[PDB]
Amino acid sequence: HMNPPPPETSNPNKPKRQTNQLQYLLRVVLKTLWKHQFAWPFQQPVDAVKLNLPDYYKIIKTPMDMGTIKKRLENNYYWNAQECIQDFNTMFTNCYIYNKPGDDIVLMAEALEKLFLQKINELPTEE
Ligand SMILES: Cc1noc(C)c1-c1cc(C(N)=O)c2c3ccc(C(C)(C)O)cc3n([C@H](c3ccccc3)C3CCOCC3)c2c1
């Protein structure tokens with residue numbers, strides 16, 4: 001079994017705009033989650049080959065990780081903040097679907113999600 005290529009993070013055909021919400025998602029949300037004590041497994045795609053998980057990419061068809069989110073924000077890949085919020089939600093839901101409730105990785109994802117939800121509640125109004 002092989003890992004798939006990582007998610008796309010740049011498309012120069014996609015229109016680009018800088019908004020206070022997108023700036024907040026990179027400088028505040030992504031930065032805060034990146035620095036969390038439990039963030040390291042979420043900083044790059046699930047390495048199914050290294051971890052010998054041949055079923056991971058049979059179950060998870062929409063993989064997502066924070067390394068991908070960081071690059072999509074830097075590349076102005078998202079036109080609206082909701083597309084970015086969806087990617088974080090996909091990353092958390094993937095972890096919950098693949099792993100058993102109560103497993104260490106799930107507890108780590110739940111701690112990151114609690115922090116994420118706190119920062120999203122503080123999402124600034126569109127300027
Ligand atoms: C995120 C995420 N969501 O679902 C999974 C599935 C993951 C996910 C993603 C990755 C990754 N980015 O490659 C890694 C990862 C990378 C390297 C290592 C080494 C070789 C240093 O030991 C262990 C790793 N685990 C463990 C695991 C290994 C196998 C099964 C479950 C957990 C976790 C690590 C945190 O402490 C609880 C155990 C990962 C879990």
Side-chain angles (χ1 to χ4, degrees), residues 1-7 9-43 45-127:
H1 76 294
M2 286 162 75
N3 287 323
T9 54
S10 188
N11 189 343
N13 285 2
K14 287 183 107 189
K16 306 185 188 299
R17 70 172 179 179
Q18 196 57 275
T19 74
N20 67 312
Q21 288 189 338
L22 288 170
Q23 283 170 320
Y24 177 84
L25 284 163
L26 179 59
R27 298 191 207 119
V28 175
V29 182
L30 188 281
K31 183 183 187 194
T32 304
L33 262 60
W34 198 275
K35 291 167 72 184
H36 192 283
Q37 59 176 318
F38 303 148
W40 73 266
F42 301 88
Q43 287 174 352
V46 175
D47 196 336
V49 171
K50 180 163 105 300
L51 303 173
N52 196 17
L53 305 171
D55 64 340
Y56 188 84
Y57 291 106
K58 293 183 189 289
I59 296 160
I60 303 299
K61 301 298 190 200
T62 312
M64 191 46 64
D65 64 281
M66 295 202 296
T68 296
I69 294 164
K70 179 179 188 283
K71 292 175 182 189
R72 283 173 173 204
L73 284 164
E74 290 160 349
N75 292 326
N76 306 291
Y77 188 87
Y78 309 119
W79 183 257
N80 44 68
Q82 190 40 52
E83 291 175 288
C84 180
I85 292 163
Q86 180 57 65
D87 278 351
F88 275 106
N89 287 330
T90 294
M91 175 182 79
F92 298 129
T93 57
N94 287 345
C95 184
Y96 307 146
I97 289 141
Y98 183 74
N99 306 280
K100 200 191 167 174
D103 280 355
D104 287 349
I105 196 52
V106 173
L107 296 173
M108 286 168 86
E110 288 172 344
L112 268 203
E113 193 188 14
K114 187 197 176 76
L115 184 58
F116 170 70
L117 294 167
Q118 284 161 354
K119 299 297 175 181
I120 295 309
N121 282 344
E122 297 159 11
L123 186 75
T125 309
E126 210 152 6
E127 279 168 359

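Computed from heavy atoms alone, side chains included, the values below leave out hydrogens, waters and symmetry copies. FYI, the numbering just counts along the sequence from 1.
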Problem set entry | NZ/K16: more than 12 non-hydrogen atoms of other groups inside 6.0 Å |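 Yes.
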Exercise. Within a radius of less than 6.0 Å around NZ of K114, do more than 12 heavy atoms belonging to other residues, nucleotides or ligands occur?
Worked result: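 Open.
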Exercise. Can you list the steps and then say if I85 with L123 is a side-chain contact (heavy atoms from CB on, under 4.5 Å)?
Worked result: CA-CA 11 Å; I85 292 163; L123 186 75; 4.2 Å; yes
To the nearest 0.5 Å, tell me how far [X] [atom1] sits from [Y] [atom2].
X: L33; Y: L115; atom1: CG; atom2: CG; answer: 5.0 Å
X: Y78; Y: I69; atom1: OH; atom2: CD1; answer: 5.0 Å
X: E127; Y: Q18; atom1: CD; atom2: CD; answer: 11.5 Å
X: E74; Y: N76; atom1: CD; atom2: CG; answer: 9.5 Å
X: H36; Y: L112; atom1: NE2; atom2: CG; answer: 5.5 Å
X: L22; Y: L73; atom1: CG; atom2: CG; answer: 6.5 Å

Seminar exercise, completed: Nearest heavy-atom contact between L26 and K70 is CD1-O, 4.2 Å
Exercise. So, for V106 and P101, which heavy atoms are closest and what is the spacing to 0.1 Å?
Worked result: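 Scanning both residues, the minimum pair turns out to be CG1-CA, 4.4 Å.
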Exercise. Can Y98 and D55 be counted as having a side-chain donor-acceptor contact under 3.5 angstrom?
Worked result: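 Yes, because at least one side-chain N or O of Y98 sits under 3.5 Å from a partner of the opposite role on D55.
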For this session: Evaluate side-chain contact (heavy atoms from CB on, under 4.5 Å) for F88 paired with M66, printing each intermediate quantity in order.
Result: CA-CA 8 Å; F88 275 106; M66 295 202 296; 4.0 Å; yes
Under a 3.5 Å distance rule, please check whether [X] uses its side chain to pair with a backbone N or O of [Y] as donor and acceptor.
X: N75; Y: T9; answer: yes
X: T93; Y: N89; answer: yes
X: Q43; Y: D65; answer: no
X: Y24; Y: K119; answer: yes
X: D103; Y: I105; answer: no
X: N3; Y: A48; answer: yes

So do the side chains of [X] and [Y] get within less than 4.5 Å of each other, counting heavy atoms only?
X: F116; Y: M91; answer: no
X: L30; Y: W34; answer: yes
X: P7; Y: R72; answer: yes
X: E110; Y: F92; answer: no
X: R17; Y: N80; answer: yes
X: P45; Y: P6; answer: yes
X: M108; Y: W40; answer: yes
X: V49; Y: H1; answer: yes

For this session: Apply the test side-chain contact (heavy atoms from CB on, under 4.5 Å) to residues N94 and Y56: give CA-CA distance (whole Å), side-chain angles for both, the deciding distance (0.1 Å), then the verdict.
Result: CA-CA 10 Å; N94 287 345; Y56 188 84; 4.0 Å; yes
For this session: Decide whether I60 and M2 are clustered together by the hydrophobic rule: side chain heavy atoms of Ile, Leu, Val, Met, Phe, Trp, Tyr closer than 4.5 Å, transitively.
Result: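 Different clusters: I60 never reaches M2 through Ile, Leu, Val, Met, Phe, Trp or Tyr contacts under 4.5 Å.
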For this session: Answer yes if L107 and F38 sit in the same cluster of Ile, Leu, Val, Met, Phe, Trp and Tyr residues linked by side chain heavy atoms under 4.5 Å apart, and no otherwise.
Result: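 No, separate clusters.
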Exercise. Is the cationic atom of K14 (NZ for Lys, CZ for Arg) positioned less than 6.0 Å from the six-membered ring centroid of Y77 and within 45 degrees of its normal?
Worked result: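 Yes; both conditions hold, so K14 lies above the ring face of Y77.
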